[PDB]
Amino acid sequence: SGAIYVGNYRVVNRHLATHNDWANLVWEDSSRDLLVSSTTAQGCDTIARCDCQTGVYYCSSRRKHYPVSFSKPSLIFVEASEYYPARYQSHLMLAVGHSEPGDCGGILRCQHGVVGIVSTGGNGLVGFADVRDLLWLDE
Ligand SMILES: CSc1ccc2scnc2c1NC(=O)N1CCC[C@H](C(N)=O)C1
Ligand SMILES: [Zn+2]
C-alpha cells in the first residue's frame, strides 16, 4: 500500500484505489496502473522533473529503503493477475530489488523528488509506475 500526496491530488495504484478514490476521480489509466483522486487537504510530497535512472525506494515487506538503478519508462508485458488480464503496461520502469504484491504503493525518489510508485515485481525484480511526465500534478 501507499500513495503520493501532491497539492490537492492523491496518486495511488489503480488496482488498490478505494471507493472514495473513485468518487473523487480526477484521472485514471489502466494501462499505467495509476489513478489520481482529489483531496481537501494540501499534500506533503513534491514531484521530480528529471531523467534520473537511479534512486531509492521504500520496500514495505522489509520495512527498509533500497537503492536501485532502473530502466527508462517503457511498454512491458505483465502477466495476468486477479486485477488485470495479461497486457502491456506503459510508463513502467524495472529494477533489481526485492518486492512482494503488498509492496505496491511504495515511493521511488531521486534527489529531485518523487519519481513513481511500486506497481509490479517478482523473482528479485521490482517495477515502478512513472509519474514524472504528469505535469499537471503541480501546475
Ligand atoms: C510488487 S507487485 C509483485 C511483486 C512480486 C510478485 S511475485 C508474483 N506477483 C508479484 C507481484 N504482483 C504483480 O506484479 N502484480 C499484481 C498486482 C497488479 C500488478 C500490475 N501492475 O499489473 C501486477
Ligand atoms: Zn531526479
Side-chain angles (χ1 to χ4, degrees):
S1 67
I4 305 163
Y5 294 92
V6 51
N8 289 288
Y9 297 125
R10 164 173 143 104
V11 187
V12 291
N13 295 93
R14 190 190 185 272
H15 74 276
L16 300 179
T18 68
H19 298 310
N20 275 320
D21 284 321
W22 278 104
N24 292 280
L25 178 68
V26 172
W27 169 82
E28 54 74 40
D29 183 337
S30 179
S31 73
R32 293 179 66 157
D33 185 44
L34 288 182
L35 183 149
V36 178
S37 59
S38 60
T39 68
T40 52
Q42 177 77 7
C44 58
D45 293 306
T46 72
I47 310 301
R49 308 291 183 192
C50 68
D51 62 354
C52 286
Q53 285 185 249
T54 65
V56 176
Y57 77 105
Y58 181 66
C59 176
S60 66
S61 65
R62 295 285 180 272
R63 289 209 198 95
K64 274 177 160 94
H65 298 260
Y66 292 110
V68 281
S69 289
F70 50 93
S71 61
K72 289 181 190 200
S74 73
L75 198 61
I76 299 187
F77 179 80
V78 178
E79 196 174 349
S81 67
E82 52 184 332
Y83 305 99
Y84 297 106
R87 77 209 211 285
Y88 288 85
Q89 179 162 320
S90 63
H91 300 261
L92 183 60
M93 301 175 296
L94 301 190
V96 178
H98 182 67
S99 72
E100 292 176 45
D103 284 325
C104 287
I107 283 171
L108 173 63
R109 275 179 169 268
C110 65
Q111 68 191 96
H112 306 108
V114 173
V115 172
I117 51 171
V118 175
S119 177
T120 74
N123 308 300
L125 293 161
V126 54
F128 308 97
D130 186 46
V131 301
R132 293 176 291 186
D133 63 314
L134 299 173
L135 311 188
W136 54 267
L137 287 172
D138 61 0
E139 139 253 284

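Nothing fancy with the numbering, it's 1 onward along the sequence. Ligands are counted one by one from 1 in listed order, and the atoms in each one are counted from 1 as well.
Side-chain atoms of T120 and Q89 form no donor-acceptor pair, as typed in the model, at a separation below 3.5 Å. No hydrogens or angles considered: nothing links the side chains of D103 and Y57 as a donor-acceptor pair under 3.5 Å.
Listed by chain and residue number, nothing satisfies the side-chain hydrogen bond (donor to acceptor under 3.5 Å, both in side chains) test with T39 (two or more places apart in sequence, or in another chain).
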- Task: May I have the step-by-step check of side chain to side chain donor-acceptor pair (under 3.5 Å) for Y84 and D33, ending in yes or no?
- Result: CA-CA 9 Å; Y84 297 106; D33 185 44; 2.6 Å; yes
- Please step through side-chain contact (heavy atoms from CB on, under 4.5 Å) for the pair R49 and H112, ending with a clear verdict. CA-CA 7 Å; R49 308 291 183 192; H112 306 108; over 6 Å; no
Within the protein, flag every N or O under 3.5 Å from an N or O of ligand 1, and note the pair and distance.
unit_1   : atom_1 : unit_2 : atom_2 : d
ligand 1 : 14 (O) : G121   : N      : 3.1
ligand 1 : 21 (N) : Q89    : OE1    : 2.9
ligand 1 : 21 (N) : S119   : O      : 3.0
ligand 1 : 21 (N) : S119   : OG     : 3.2
ligand 1 : 22 (O) : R87    : NH1    : 3.0

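Relative ring orientation between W27 and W136 is described as perpendicular, the plane-to-plane angle rising above 60° on a 0-90° scale split at 30° and 60°.
The side chain to side chain contact (heavy atoms under 4.5 Å, CB included) test with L34 is passed by exactly one of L134, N13, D130, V12: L134.
The count of protein N, O or S atoms under 2.8 Å from the Zn ion (ligand 2) stands at 4, with waters excluded from the count.
Other cluster members for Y88: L75, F77, joined by side-chain heavy-atom distances under 4.5 Å among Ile, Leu, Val, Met, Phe, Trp and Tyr.
No more than 12 heavy atoms of other residues, nucleotides or ligands shown are found within 6.0 angstrom of CD on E79.
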